[PDB]
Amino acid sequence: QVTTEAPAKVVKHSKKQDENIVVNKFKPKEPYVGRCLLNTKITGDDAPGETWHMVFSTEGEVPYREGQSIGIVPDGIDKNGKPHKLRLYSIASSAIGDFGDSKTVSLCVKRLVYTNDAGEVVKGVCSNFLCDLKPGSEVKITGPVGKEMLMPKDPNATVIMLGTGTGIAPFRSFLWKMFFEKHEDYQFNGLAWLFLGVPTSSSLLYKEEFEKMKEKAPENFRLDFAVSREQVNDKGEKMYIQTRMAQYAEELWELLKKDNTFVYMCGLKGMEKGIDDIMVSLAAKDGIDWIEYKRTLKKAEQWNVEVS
C-alpha cells in the first residue's frame, strides 16, 4: 500500500478557458528581456492621438493566453533617480501570436500626451517609451497577468465584446483564435459580436483585419463601430458605444437572457455607466431588475469587465 487519494480542496467551477493558466512568471525584479520585431502606427496622421501596434520576441518564454496582460518596465529613471514601475498592457495577439509560432507577443498602445494645469505638455512615460521603441531594441516584460478576461471554454457560445479605444486589444486576441486560426481542440462556431468605440474614422483600430474576418465568417461574426465624433443618432447624440448598442436593444437583451451568452468589456472606466443605463431600461421593460440580474451574470461568469 503505497498510494492514497488526498482529499480534494473545495473549488469553484469555471466556464472559462483556465486549464493550466499561468500568471506572474516574470516579476519586475527580474523581467524577461525580449526584443522589438516591428512597431507601426495604426491610426491616421489625422487622428486625435496615435495608437501603435508592436510585436516582441519571447522565444516562447511567456506562456500567455487570450485575455491576459503583460507588464512593461520602461527604460530610464524617474525624477528621483529610480527605475520606473511597470505599466500593464492587454495582449493584442492570440496565444500562438502574429507569427503563428507561439514565440512572440503583441501590444496595442495609445501614446499618452496631455498638458497639465501649469500649461505644460506632458508625455506618459511607458506609452511614449513603447511607441518610440525601434525594431532591434530590448524591452523588459513581466507577467503574464489576469484571469478575468479568459475566453469561455464553450466553442458554440455567444461572445459579446464591448470595447473602447485600446480596450480593443484582448478582443483582437480572441478573434484571431476564433477566425484566423484552425485549432484542433477549439473551432469556434458560436456568435462573436464586436462593438468598438473610437473618436474618428482615422482611429478605427484593426479595421482591415476585422473586415477580412467578416468576409470569412459573414454569418457568425458581427461588427459595429461607434465613431463618437463623426456619427450621431436620430436625436443628434454622439455615437458612443452604448448609443450604438441601443440600436440593437431588442436583440442584445434576447441574447442576454440566453444561458450561453458571455459579455466582455474593456477600455475606458467611464464606458461602464452608459452601458448600465441602457441595460437597466431593457430589463425594466421586461419586468426585470438589472441590478439583480447583473449580479447573477457576474457570478455566472457572464459579465466580465476590465476597465481603467
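Quick note: we count residues from 1 along the sequence shown, nothing fancier.
- Relative to one another, 250 to 258 and 263 to 271 have unequal mean CA B-factors, and 250 to 258 is the one with the higher figure.
- Mean CA temperature factor is higher for 75 to 83 when stretches 75 to 83 and 169 to 177 are set side by side in the entry.
- Going by the entry's values, 188 shows the largest Cα B-factor out of 225, 99, 188, 89.
- As recorded in the PDB entry, 145 shows the highest C-alpha B-factor of the residues 192, 126, 141, 145.
- Annotation for residue 278: C-alpha temperature factor in the highest third relative to the rest of the modelled chain, per the entry.
- Sort the chain's modelled residues by C-alpha temperature factor and residue 199 lands in the lowest third, per the entry.
- Among all modelled residues in this chain, the alpha-carbon of residue 183 has a temperature factor (C-alpha) in the highest third.
- Annotation for residue 163: C-alpha temperature factor in the lowest third relative to the rest of the modelled chain, per the entry.
- In this PDB entry, residue 235 carries a Cα temperature factor that places it within the highest third of its chain's modelled residues.
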